[PDB]
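Working notes, structure below.
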Amino acid sequence: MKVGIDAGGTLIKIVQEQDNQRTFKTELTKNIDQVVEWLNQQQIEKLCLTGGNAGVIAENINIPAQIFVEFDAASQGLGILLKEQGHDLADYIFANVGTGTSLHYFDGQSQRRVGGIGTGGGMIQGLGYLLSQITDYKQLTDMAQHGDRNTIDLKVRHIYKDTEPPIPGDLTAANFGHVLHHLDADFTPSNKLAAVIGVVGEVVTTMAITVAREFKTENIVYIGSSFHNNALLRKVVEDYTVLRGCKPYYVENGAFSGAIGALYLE
Amino acid sequence: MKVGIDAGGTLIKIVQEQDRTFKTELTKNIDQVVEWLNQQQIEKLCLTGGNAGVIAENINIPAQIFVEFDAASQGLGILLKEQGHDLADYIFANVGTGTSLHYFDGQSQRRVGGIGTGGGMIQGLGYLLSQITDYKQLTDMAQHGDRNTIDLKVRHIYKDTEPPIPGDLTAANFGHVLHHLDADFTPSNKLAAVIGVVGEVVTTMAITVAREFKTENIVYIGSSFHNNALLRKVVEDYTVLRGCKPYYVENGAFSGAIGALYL
Ligand SMILES: Nc1ncnc2c1ncn2[C@@H]1O[C@H](COP(=O)(O)OP(=O)(O)O)[C@@H](O)[C@H]1O
Ligand SMILES: Nc1ncnc2c1ncn2[C@@H]1O[C@H](COP(=O)(O)OP(=O)(O)O)[C@@H](O)[C@H]1O
Ligand SMILES: COCCCCCNC(=O)CCNC(=O)[C@H](O)C(C)(C)C
Ligand SMILES: COCCCCCNC(=O)CCNC(=O)[C@H](O)C(C)(C)C
């Protein structure tokens with residue numbers, strides 16, 4: 001058994017490999033203690049680590065472990081999964097949408113971090129909590145799928161009324177920009193949660209299409225756990241990427257890219 | 001008397017020249033602006049922005065209408081020169097109800113992006129997190145707010161481990177909320193975090209296109225800065241951290257109204 005772990009701020013991603021049979025496992029970072037305990041019981045041929053909490057794991061385990069930088073690990077695991085799933089992309093931006101978001105340009109051989117932003121999954125949970133008092137992730141994200149953004153968000157055509165706008169009128173002009181025109185409306189947790197995701201989705205995508213243009217690629221690969229159980233977040237990201245003339249790609253087990261990469265390095 | 005008006009989604013910016021007067025009125029009160037205009041003797045009336053059409057239809061005199069991007073660019077160059085800046089090139093980030101970003105190459109401008117994180121989000125999300133609707137009050141309240149229990153930093157995730165980017169960077173806006181559920185989230189802290197996120201998104205976008213178009217100059221404008229020192233500081237600090245020069249402009253929010261006049 002060989003093992004790769006991407007110990008992030010919110011989720012611990014574990015890949016076990018055994019005779020080319022692969023296991024994909026998630027555990028909360030909150031429960032890192034139980035991950036360490038599990039590890040100490042196992043017969044492990046090779047253990048590779050990455051992410052911010054790799055150190056916490058490495059210190060509390062009884063066996064050696066190689067530790068890799070998460071940007072390189074994610075890039076390598078993602079290329080392994082892109083190949084396996086029939087994509088041969090000469091180059092691409094990838095947007096690792098986790099607790100926060102890191103953006104990368106892969107030129108065909110290697111990656112470079114070209115930006116990042118703190119709009120990501122951690123904001124969906126945290127701001128989500130402030131607007132709804134829901135702490136359970138599944139519940140939070142389910143509820144948001146049932147949401148309407150029209151009373152909350154302001155569109156380019158809302159500002160330009162009956163004039164020809166100088167950019168497409170369906171574009172979001174101001175996230176939460178309509179709230180003050182609907183104070184005679186009672187803002188439901190679904191609507192509000194849909195608008196949190198709405199803004200997170202549009203910020204990530206905008207950043208991604210911008211660096212796609214800068215590094216002269218049309219391919220944008222979206223990964224990270226922020227997409228699990230959140231179809232609304234995919235749709236927002238997908239629709240807008242397309243609107244901007246770029247190809248969006250999701251990846252089966254994209255959130256484990258870092259755990260896989262750690263396995264297939266050095 | 002000549003008049004330029006930038007009728008935005010939230011604020012109507014009026015410049016009167018009689019030779020300069022700078023006046024603001026709420027877009028909600030556009031009716032009173034139209035009434036004021038119909039009483040006046042105006043040699044030339046130039047209009048720009050989204051609500052220009054609403055004004056133009058309800059007035060009882062002619063009016064040239066310009067596209068806001070070209071107007072803002074022209075007015076801003078006038079103000080830059082007047083205030084002693086000779087910038088060969090620059091990004092400008094018009095931070096209004098929403099945010100539009102531009103690259104000025106020394107002779108003309110081009111829109112290189114935009115985002116819906118801006119002043120409208122400060123007000124709107126601000127309202128949702130505090131039930132304050134008054135802008136002055138909302139922004140005053142945010143000013144000494146503390147973000148540390150709300151935002152998550154690179155070093156919080158890389159707890160005792162060398163991070164691969166600077167550890168003081170915000171990693172996740174609102175990303176700490178779930179680690180402080182025992183804590184009272186006060187309206188100031190929460191409002192400081194709204195502005196925090198809006199400031200960091202605008203700046204990130206602006207420094208990114210600054211790099212792309214190989215300029216180190218970033219000029220920030222729009223009314224979103226008025227009575228919000230915290231929003232300037234967040235934007236300013238991070239721009240500097242990224243190796244770019246931030247610039248604010250006296251009456252930068254009127255750039256569009258001025259530009260309409262001189263086109
Ligand atoms: N089971 C879950 N519990 C909490 N968050 C989840 C879960 N599944 C998906 N998420 C979302 O994914 C995010 C974590 O993404 P991930 O890419 O694993 O980031 P990190 O590597 O920083 O832990 C969370 O902030 C949340 O939005
Ligand atoms: N007196 C005010 N009333 C309402 N909003 C204000 C005021 N002063 C500043 N603001 C802020 O300015 C933003 C509008 O910026 P502005 O550049 O005037 O854009 P627009 O052209 O879309 O009206 C508002 O969204 C709000 O954040
Ligand atoms: C003081 O903060 C200035 C604003 C910084 C905002 C930009 N922040 C970032 O680029 C970090 C975003 N987050 C990430 O990249 C990821 O969550 C990691 C795990 C930190 C890599
Ligand atoms: C359907 O949603 C599209 C995703 C949001 C895309 C980006 N939004 C924008 O570029 C609009 C930002 N707003 C602005 O530039 C200004 O407020 C104007 C006045 C509308 C020009």
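Scheme for the structure tokens: letters A, B, ... for chains in order shown; per-chain residue numbers from 1; ligand numbers from 1 in order shown.
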Please run DSSP on the backbone and report, as a PDB file with C-alpha atoms, in the first residue's frame, all residues within segment 7-150 of chain B that come out as helix (DSSP H, G or I).
ATOM      1  CA  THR B  27     -30.019  58.119  -8.238  1.00  0.00           C
ATOM      2  CA  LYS B  28     -33.161  57.384  -6.218  1.00  0.00           C
ATOM      3  CA  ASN B  29     -33.762  61.220  -6.430  1.00  0.00           C
ATOM      4  CA  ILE B  30     -33.188  61.484 -10.200  1.00  0.00           C
ATOM      5  CA  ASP B  31     -36.623  63.215 -10.418  1.00  0.00           C
ATOM      6  CA  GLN B  32     -35.264  66.238  -8.510  1.00  0.00           C
ATOM      7  CA  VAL B  33     -32.200  66.382 -10.774  1.00  0.00           C
ATOM      8  CA  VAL B  34     -34.425  66.506 -13.849  1.00  0.00           C
ATOM      9  CA  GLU B  35     -36.512  69.285 -12.208  1.00  0.00           C
ATOM     10  CA  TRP B  36     -33.377  71.307 -11.373  1.00  0.00           C
ATOM     11  CA  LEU B  37     -32.160  70.961 -14.951  1.00  0.00           C
ATOM     12  CA  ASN B  38     -35.439  72.144 -16.484  1.00  0.00           C
ATOM     13  CA  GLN B  39     -35.273  75.459 -14.528  1.00  0.00           C
ATOM     14  CA  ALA B  52     -28.300  59.162 -18.725  1.00  0.00           C
ATOM     15  CA  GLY B  53     -31.266  58.014 -20.835  1.00  0.00           C
ATOM     16  CA  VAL B  54     -33.755  58.498 -17.984  1.00  0.00           C
ATOM     17  CA  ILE B  55     -32.519  62.096 -17.665  1.00  0.00           C
ATOM     18  CA  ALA B  56     -32.382  62.767 -21.421  1.00  0.00           C
ATOM     19  CA  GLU B  57     -36.025  61.629 -21.996  1.00  0.00           C
ATOM     20  CA  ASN B  58     -37.495  63.689 -19.087  1.00  0.00           C
ATOM     21  CA  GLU B  68     -19.052  56.181 -19.737  1.00  0.00           C
ATOM     22  CA  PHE B  69     -15.756  54.376 -20.294  1.00  0.00           C
ATOM     23  CA  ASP B  70     -14.435  57.023 -22.654  1.00  0.00           C
ATOM     24  CA  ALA B  71     -15.835  59.802 -20.498  1.00  0.00           C
ATOM     25  CA  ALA B  72     -14.201  58.474 -17.265  1.00  0.00           C
ATOM     26  CA  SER B  73     -10.886  58.084 -19.082  1.00  0.00           C
ATOM     27  CA  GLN B  74     -10.948  61.652 -20.364  1.00  0.00           C
ATOM     28  CA  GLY B  75     -12.034  63.266 -17.105  1.00  0.00           C
ATOM     29  CA  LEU B  76      -9.454  61.269 -15.147  1.00  0.00           C
ATOM     30  CA  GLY B  77      -6.578  62.391 -17.372  1.00  0.00           C
ATOM     31  CA  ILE B  78      -7.765  65.976 -16.875  1.00  0.00           C
ATOM     32  CA  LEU B  79      -7.745  65.542 -13.078  1.00  0.00           C
ATOM     33  CA  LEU B  80      -4.392  63.651 -13.114  1.00  0.00           C
ATOM     34  CA  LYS B  81      -2.688  66.465 -14.981  1.00  0.00           C
ATOM     35  CA  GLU B  82      -4.360  69.114 -12.707  1.00  0.00           C
ATOM     36  CA  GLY B 119     -19.855  49.753  -3.613  1.00  0.00           C
ATOM     37  CA  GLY B 120     -23.209  48.165  -4.266  1.00  0.00           C
ATOM     38  CA  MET B 121     -21.957  45.000  -2.550  1.00  0.00           C
ATOM     39  CA  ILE B 122     -20.739  46.996   0.430  1.00  0.00           C
ATOM     40  CA  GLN B 123     -24.199  48.502   0.813  1.00  0.00           C
ATOM     41  CA  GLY B 124     -26.199  45.425  -0.004  1.00  0.00           C
ATOM     42  CA  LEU B 125     -24.319  42.728   1.797  1.00  0.00           C
ATOM     43  CA  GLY B 126     -23.657  45.357   4.461  1.00  0.00           C
ATOM     44  CA  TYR B 127     -27.399  45.694   4.898  1.00  0.00           C
ATOM     45  CA  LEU B 128     -27.884  41.943   5.089  1.00  0.00           C
ATOM     46  CA  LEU B 129     -25.238  41.587   7.808  1.00  0.00           C
ATOM     47  CA  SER B 130     -26.255  44.614   9.921  1.00  0.00           C
ATOM     48  CA  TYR B 135     -24.406  54.718   3.896  1.00  0.00           C
ATOM     49  CA  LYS B 136     -22.512  57.138   6.185  1.00  0.00           C
ATOM     50  CA  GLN B 137     -23.551  55.087   9.236  1.00  0.00           C
ATOM     51  CA  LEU B 138     -22.686  51.757   7.535  1.00  0.00           C
ATOM     52  CA  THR B 139     -19.210  52.897   6.518  1.00  0.00           C
ATOM     53  CA  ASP B 140     -18.483  54.680   9.861  1.00  0.00           C
ATOM     54  CA  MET B 141     -19.406  51.503  11.746  1.00  0.00           C
ATOM     55  CA  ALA B 142     -17.035  49.402   9.629  1.00  0.00           C
TER      56      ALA B 142
END
Q: Check every residue of chain B for an atom within 7 Å of chain A, counting only C-alpha atoms, and provide those that qualify as a PyMOL selection string.
A: chain B and resi 9+50-51+53+97-98+116-118+120-121+124-125+129+157-159+161+170-178+205+212
Write out the residues from the selection above, keeping N, CA and C atoms, as an mmCIF file, in the first residue's frame.
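Saved result, result-v7.cif, follows:
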data_model
loop_
_atom_site.group_PDB
_atom_site.id
_atom_site.type_symbol
_atom_site.label_atom_id
_atom_site.label_comp_id
_atom_site.auth_asym_id
_atom_site.auth_seq_id
_atom_site.Cartn_x
_atom_site.Cartn_y
_atom_site.Cartn_z
ATOM 1 N N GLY B 9 -25.703 54.005 -11.351
ATOM 2 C CA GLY B 9 -26.682 53.186 -10.699
ATOM 3 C C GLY B 9 -27.059 53.653 -9.295
ATOM 4 N N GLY B 50 -25.392 54.938 -16.938
ATOM 5 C CA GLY B 50 -26.573 54.107 -17.184
ATOM 6 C C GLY B 50 -27.922 54.791 -17.146
ATOM 7 N N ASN B 51 -28.050 55.790 -16.283
ATOM 8 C CA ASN B 51 -29.268 56.562 -16.149
ATOM 9 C C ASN B 51 -29.249 57.859 -16.929
ATOM 10 N N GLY B 53 -30.052 58.095 -20.034
ATOM 11 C CA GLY B 53 -31.266 58.014 -20.835
ATOM 12 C C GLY B 53 -32.529 58.453 -20.110
ATOM 13 N N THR B 97 -20.961 51.255 -8.160
ATOM 14 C CA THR B 97 -21.923 50.223 -7.700
ATOM 15 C C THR B 97 -21.315 48.835 -7.947
ATOM 16 N N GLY B 98 -20.742 48.704 -9.138
ATOM 17 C CA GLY B 98 -19.832 47.660 -9.487
ATOM 18 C C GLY B 98 -18.517 48.246 -9.966
ATOM 19 N N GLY B 116 -18.401 42.421 -10.182
ATOM 20 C CA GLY B 116 -19.517 42.929 -9.409
ATOM 21 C C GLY B 116 -19.238 43.144 -7.934
ATOM 22 N N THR B 117 -17.960 43.093 -7.510
ATOM 23 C CA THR B 117 -17.568 43.466 -6.157
ATOM 24 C C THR B 117 -17.189 44.925 -6.181
ATOM 25 N N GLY B 118 -17.936 45.711 -5.420
ATOM 26 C CA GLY B 118 -17.835 47.148 -5.480
ATOM 27 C C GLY B 118 -18.704 47.719 -4.405
ATOM 28 N N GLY B 120 -21.904 48.777 -4.396
ATOM 29 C CA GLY B 120 -23.209 48.165 -4.266
ATOM 30 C C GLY B 120 -23.194 46.935 -3.386
ATOM 31 N N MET B 121 -22.098 46.164 -3.413
ATOM 32 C CA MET B 121 -21.957 45.000 -2.550
ATOM 33 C C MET B 121 -21.680 45.406 -1.120
ATOM 34 N N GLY B 124 -25.217 46.475 0.039
ATOM 35 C CA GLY B 124 -26.199 45.425 -0.004
ATOM 36 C C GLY B 124 -25.913 44.331 0.961
ATOM 37 N N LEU B 125 -24.730 43.751 0.847
ATOM 38 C CA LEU B 125 -24.319 42.728 1.797
ATOM 39 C C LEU B 125 -24.201 43.357 3.175
ATOM 40 N N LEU B 129 -25.962 41.987 6.600
ATOM 41 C CA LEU B 129 -25.238 41.587 7.808
ATOM 42 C C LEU B 129 -25.421 42.512 9.017
ATOM 43 N N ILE B 157 -3.701 28.223 7.945
ATOM 44 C CA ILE B 157 -3.858 26.962 7.251
ATOM 45 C C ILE B 157 -2.584 26.189 7.297
ATOM 46 N N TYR B 158 -1.467 26.880 7.203
ATOM 47 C CA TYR B 158 -0.139 26.327 7.249
ATOM 48 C C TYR B 158 0.431 26.424 8.647
ATOM 49 N N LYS B 159 -0.377 26.133 9.641
ATOM 50 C CA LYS B 159 0.014 26.238 11.036
ATOM 51 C C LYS B 159 1.292 25.499 11.332
ATOM 52 N N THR B 161 4.394 25.551 9.657
ATOM 53 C CA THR B 161 4.897 24.951 8.410
ATOM 54 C C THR B 161 5.224 26.097 7.457
ATOM 55 N N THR B 170 -4.511 37.031 3.127
ATOM 56 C CA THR B 170 -5.828 36.453 3.357
ATOM 57 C C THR B 170 -5.926 35.224 2.471
ATOM 58 N N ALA B 171 -6.266 34.100 3.101
ATOM 59 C CA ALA B 171 -6.468 32.823 2.423
ATOM 60 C C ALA B 171 -7.926 32.603 2.109
ATOM 61 N N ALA B 172 -8.799 32.922 3.055
ATOM 62 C CA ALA B 172 -10.218 32.757 2.874
ATOM 63 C C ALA B 172 -10.996 33.828 3.648
ATOM 64 N N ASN B 173 -11.648 34.699 2.886
ATOM 65 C CA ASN B 173 -12.525 35.680 3.447
ATOM 66 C C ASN B 173 -13.752 35.015 4.108
ATOM 67 N N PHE B 174 -14.045 35.336 5.358
ATOM 68 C CA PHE B 174 -15.064 34.660 6.144
ATOM 69 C C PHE B 174 -14.650 33.198 6.463
ATOM 70 N N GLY B 175 -13.399 32.835 6.178
ATOM 71 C CA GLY B 175 -12.996 31.462 6.339
ATOM 72 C C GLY B 175 -12.715 31.047 7.784
ATOM 73 N N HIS B 176 -12.634 32.032 8.695
ATOM 74 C CA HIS B 176 -12.442 31.769 10.109
ATOM 75 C C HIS B 176 -13.754 31.688 10.884
ATOM 76 N N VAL B 177 -14.837 32.189 10.310
ATOM 77 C CA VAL B 177 -16.121 32.231 10.990
ATOM 78 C C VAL B 177 -16.430 30.928 11.665
ATOM 79 N N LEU B 178 -16.282 29.821 10.955
ATOM 80 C CA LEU B 178 -16.602 28.486 11.530
ATOM 81 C C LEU B 178 -15.695 27.979 12.664
ATOM 82 N N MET B 205 -7.713 41.965 -8.874
ATOM 83 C CA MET B 205 -8.039 42.133 -10.271
ATOM 84 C C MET B 205 -7.186 43.209 -10.905
ATOM 85 N N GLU B 212 -0.332 42.074 -16.571
ATOM 86 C CA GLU B 212 -0.656 41.706 -17.954
ATOM 87 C C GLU B 212 -0.274 42.802 -18.970
#
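Each of B:5, B:193, B:42, B:165 was checked against residue 149 of chain B using only C-alpha atoms; the smallest atom-to-atom distance is that of B:193.
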Q: Please measure the separation of atom CA of residue 138 of chain A and atom CA of residue 225 of chain A, giving the value in Å to one decimal.
A: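 Going from atom CA of residue 138 of chain A over to atom CA of residue 225 of chain A, I get 12.3 Å.
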Q: Could you check which of B:41, B:8, B:46, B:202 is closest to residue 263 of chain B, using only C-alpha atoms?
A: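 Ranking B:41, B:8, B:46, B:202 by distance to residue 263 of chain B, first place goes to B:46.
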**Q.** Spatial neighbours of segment 239-250 of chain B, 6 Å, only C-alpha atoms, chain gap at least 2 places, as a list in words
**A.** residues 216, 217, 218, 219, 220, 236, 237 and 252 of chain B
Q: Find the spatial neighbours of residue 23 of chain B, counting only C-alpha atoms, within a cut-off of 8 Å - ignore same-chain residues fewer than 3 positions away - and output them as a PyMOL selection string.
A: chain B and resi 13-15
Q: Taking the chain letters and numbering used in this document, name the residues of segment 7-219 of chain B that DSSP puts in strand (DSSP E), as number ranges by chain.
A: B: 7, 11-17, 21-26, 44-48, 64-66, 90-95, 99-104, 109-115, 152-153, 170-172, 217-219
For the residues selected in the previous step, produce a file with N, CA and C atoms as a compact mmCIF listing (two decimals), in the first residue's frame.
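The resulting part25.txt:
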# COMPACT_ATOMS: atom_id res chain seq x y z
N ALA B 7 -24.70 59.88 -14.55
CA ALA B 7 -25.82 59.30 -13.83
C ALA B 7 -25.62 57.80 -13.66
N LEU B 11 -25.27 56.83 -7.63
CA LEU B 11 -25.11 58.28 -7.46
C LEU B 11 -25.07 59.05 -8.79
N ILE B 12 -25.63 60.26 -8.75
CA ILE B 12 -25.66 61.15 -9.93
C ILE B 12 -24.64 62.23 -9.66
N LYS B 13 -23.59 62.29 -10.49
CA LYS B 13 -22.49 63.23 -10.30
C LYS B 13 -22.62 64.38 -11.28
N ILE B 14 -22.58 65.59 -10.77
CA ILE B 14 -22.88 66.76 -11.57
C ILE B 14 -21.70 67.67 -11.46
N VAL B 15 -21.20 68.11 -12.60
CA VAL B 15 -20.22 69.15 -12.68
C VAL B 15 -20.85 70.30 -13.44
N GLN B 16 -20.84 71.47 -12.83
CA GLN B 16 -21.21 72.72 -13.49
C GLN B 16 -19.96 73.57 -13.71
N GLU B 17 -19.77 74.05 -14.94
CA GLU B 17 -18.69 74.98 -15.28
C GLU B 17 -19.22 76.30 -15.74
N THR B 21 -18.12 73.53 -10.19
CA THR B 21 -18.90 73.13 -9.03
C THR B 21 -19.03 71.62 -9.08
N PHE B 22 -18.85 70.96 -7.95
CA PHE B 22 -19.02 69.50 -7.85
C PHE B 22 -20.20 69.15 -6.95
N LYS B 23 -21.18 68.43 -7.48
CA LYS B 23 -22.39 68.14 -6.71
C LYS B 23 -22.79 66.69 -6.88
N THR B 24 -23.19 66.07 -5.77
CA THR B 24 -23.72 64.70 -5.76
C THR B 24 -25.21 64.69 -5.39
N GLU B 25 -25.96 63.83 -6.06
CA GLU B 25 -27.33 63.52 -5.70
C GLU B 25 -27.63 62.04 -5.93
N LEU B 26 -28.52 61.48 -5.11
CA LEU B 26 -28.85 60.06 -5.18
C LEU B 26 -29.60 59.76 -6.47
N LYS B 44 -24.53 74.11 -22.63
CA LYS B 44 -24.18 72.78 -23.13
C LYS B 44 -24.41 71.75 -22.03
N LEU B 45 -25.09 70.65 -22.38
CA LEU B 45 -25.43 69.59 -21.41
C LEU B 45 -24.92 68.26 -21.96
N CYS B 46 -23.98 67.65 -21.25
CA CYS B 46 -23.40 66.38 -21.66
C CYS B 46 -23.74 65.33 -20.61
N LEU B 47 -24.06 64.14 -21.09
CA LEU B 47 -24.55 63.07 -20.24
C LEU B 47 -23.77 61.77 -20.45
N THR B 48 -23.64 61.01 -19.36
CA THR B 48 -23.04 59.72 -19.42
C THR B 48 -23.54 58.87 -18.27
N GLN B 64 -26.05 65.92 -25.54
CA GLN B 64 -25.13 64.90 -26.02
C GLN B 64 -24.93 63.81 -24.95
N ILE B 65 -24.84 62.57 -25.41
CA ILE B 65 -24.67 61.41 -24.56
C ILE B 65 -23.42 60.70 -25.01
N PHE B 66 -22.56 60.42 -24.04
CA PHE B 66 -21.29 59.75 -24.29
C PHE B 66 -21.25 58.43 -23.54
N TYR B 90 -1.24 53.45 -17.28
CA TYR B 90 -1.85 53.01 -16.01
C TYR B 90 -3.10 52.15 -16.21
N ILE B 91 -3.35 51.30 -15.22
CA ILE B 91 -4.66 50.70 -15.00
C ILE B 91 -5.51 51.73 -14.23
N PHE B 92 -6.79 51.84 -14.58
CA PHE B 92 -7.70 52.48 -13.65
C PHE B 92 -8.89 51.59 -13.33
N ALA B 93 -9.28 51.65 -12.06
CA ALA B 93 -10.30 50.78 -11.52
C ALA B 93 -11.38 51.71 -11.05
N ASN B 94 -12.46 51.74 -11.82
CA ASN B 94 -13.58 52.57 -11.50
C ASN B 94 -14.47 51.80 -10.54
N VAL B 95 -14.37 52.10 -9.26
CA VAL B 95 -15.08 51.34 -8.22
C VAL B 95 -16.38 52.04 -7.83
N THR B 99 -17.58 47.36 -10.32
CA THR B 99 -16.24 47.74 -10.71
C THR B 99 -15.90 47.38 -12.17
N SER B 100 -15.45 48.39 -12.91
CA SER B 100 -14.92 48.27 -14.27
C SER B 100 -13.43 48.62 -14.29
N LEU B 101 -12.60 47.80 -14.95
CA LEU B 101 -11.15 48.02 -14.99
C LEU B 101 -10.67 48.31 -16.38
N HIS B 102 -9.72 49.21 -16.46
CA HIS B 102 -9.32 49.80 -17.72
C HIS B 102 -7.82 49.89 -17.82
N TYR B 103 -7.28 49.76 -19.02
CA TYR B 103 -5.86 50.04 -19.28
C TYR B 103 -5.78 51.27 -20.16
N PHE B 104 -5.15 52.32 -19.65
CA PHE B 104 -4.86 53.52 -20.41
C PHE B 104 -3.40 53.48 -20.85
N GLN B 109 -7.97 54.46 -23.80
CA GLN B 109 -8.31 53.41 -22.84
C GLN B 109 -8.97 52.21 -23.48
N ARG B 110 -8.84 51.09 -22.79
CA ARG B 110 -9.49 49.89 -23.16
C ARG B 110 -9.99 49.19 -21.89
N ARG B 111 -11.23 48.70 -21.92
CA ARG B 111 -11.73 47.90 -20.82
C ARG B 111 -11.02 46.54 -20.85
N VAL B 112 -10.36 46.19 -19.76
CA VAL B 112 -9.67 44.91 -19.67
C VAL B 112 -10.31 43.97 -18.65
N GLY B 113 -11.44 44.35 -18.08
CA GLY B 113 -12.17 43.49 -17.15
C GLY B 113 -13.21 44.21 -16.32
N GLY B 114 -13.93 43.44 -15.55
CA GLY B 114 -14.82 44.00 -14.55
C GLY B 114 -15.29 42.96 -13.60
N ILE B 115 -15.89 43.41 -12.51
CA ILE B 115 -16.36 42.50 -11.46
C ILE B 115 -17.47 43.20 -10.71
N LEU B 152 -9.58 34.16 7.40
CA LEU B 152 -8.53 33.15 7.52
C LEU B 152 -7.34 33.53 6.65
N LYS B 153 -6.15 33.42 7.23
CA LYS B 153 -4.90 33.84 6.67
C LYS B 153 -4.11 32.63 6.26
N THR B 170 -4.51 37.03 3.13
CA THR B 170 -5.83 36.45 3.36
C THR B 170 -5.93 35.22 2.47
N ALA B 171 -6.27 34.10 3.10
CA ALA B 171 -6.47 32.82 2.42
C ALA B 171 -7.93 32.60 2.11
N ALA B 172 -8.80 32.92 3.06
CA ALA B 172 -10.22 32.76 2.87
C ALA B 172 -11.00 33.83 3.65
N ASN B 217 1.44 51.30 -12.57
CA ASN B 217 0.55 52.34 -12.05
C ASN B 217 -0.91 51.90 -12.02
N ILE B 218 -1.53 52.04 -10.86
CA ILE B 218 -2.94 51.72 -10.71
C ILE B 218 -3.64 52.92 -10.07
N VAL B 219 -4.60 53.47 -10.80
CA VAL B 219 -5.39 54.60 -10.33
C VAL B 219 -6.78 54.12 -9.92
**Q.** Option closest in space to ligand 4, from B:251, B:261, B:224, B:43 [counting only C-alpha atoms and all ligand atoms]
**A.**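 That would be B:224, the residue with the smallest distance to ligand 4.
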Q: Would you mind telling me which residue in A:23, A:43, A:253, A:18 lies nearest to ligand 1 when using only C-alpha atoms and all ligand atoms?
A: A:253
**Q.** Polymer residues at most 12 Å from residue 14 of chain A, only C-alpha atoms, same-chain spacing of 2 or more positions, as a PyMOL selection string
**A.** chain A and resi 2-8+11-12+16-17+22-29+32+35-36+38-39+47-51+54+253+255-263
Q | Within 9 Å of segment 144-147 of chain A using only C-alpha atoms, minus same-chain residues under 2 positions, as a ChimeraX atom specification | A | /A:139-142,149,188-197,230-233
Using C-alpha atoms, can you export the residues from the last selection as a PDB file, in the first residue's frame?
ATOM      1  CA  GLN A 139     -27.575  21.382   4.293  1.00  0.00           C
ATOM      2  CA  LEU A 140     -26.048  24.800   3.433  1.00  0.00           C
ATOM      3  CA  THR A 141     -25.310  23.843  -0.157  1.00  0.00           C
ATOM      4  CA  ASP A 142     -28.633  21.992  -0.701  1.00  0.00           C
ATOM      5  CA  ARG A 149     -30.746  35.826  -6.921  1.00  0.00           C
ATOM      6  CA  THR A 188     -34.808  34.122   2.438  1.00  0.00           C
ATOM      7  CA  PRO A 189     -31.762  31.993   3.374  1.00  0.00           C
ATOM      8  CA  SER A 190     -31.924  30.263  -0.062  1.00  0.00           C
ATOM      9  CA  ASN A 191     -31.806  33.509  -2.015  1.00  0.00           C
ATOM     10  CA  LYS A 192     -29.038  34.782   0.173  1.00  0.00           C
ATOM     11  CA  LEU A 193     -27.035  31.568  -0.050  1.00  0.00           C
ATOM     12  CA  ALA A 194     -27.480  31.455  -3.804  1.00  0.00           C
ATOM     13  CA  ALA A 195     -25.969  35.002  -3.949  1.00  0.00           C
ATOM     14  CA  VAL A 196     -22.955  34.038  -1.802  1.00  0.00           C
ATOM     15  CA  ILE A 197     -22.149  31.249  -4.214  1.00  0.00           C
ATOM     16  CA  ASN A 230     -22.869  22.337  -5.343  1.00  0.00           C
ATOM     17  CA  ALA A 231     -24.245  22.176  -8.834  1.00  0.00           C
ATOM     18  CA  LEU A 232     -25.055  25.857  -8.594  1.00  0.00           C
ATOM     19  CA  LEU A 233     -21.396  26.733  -8.158  1.00  0.00           C
TER      20      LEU A 233
END
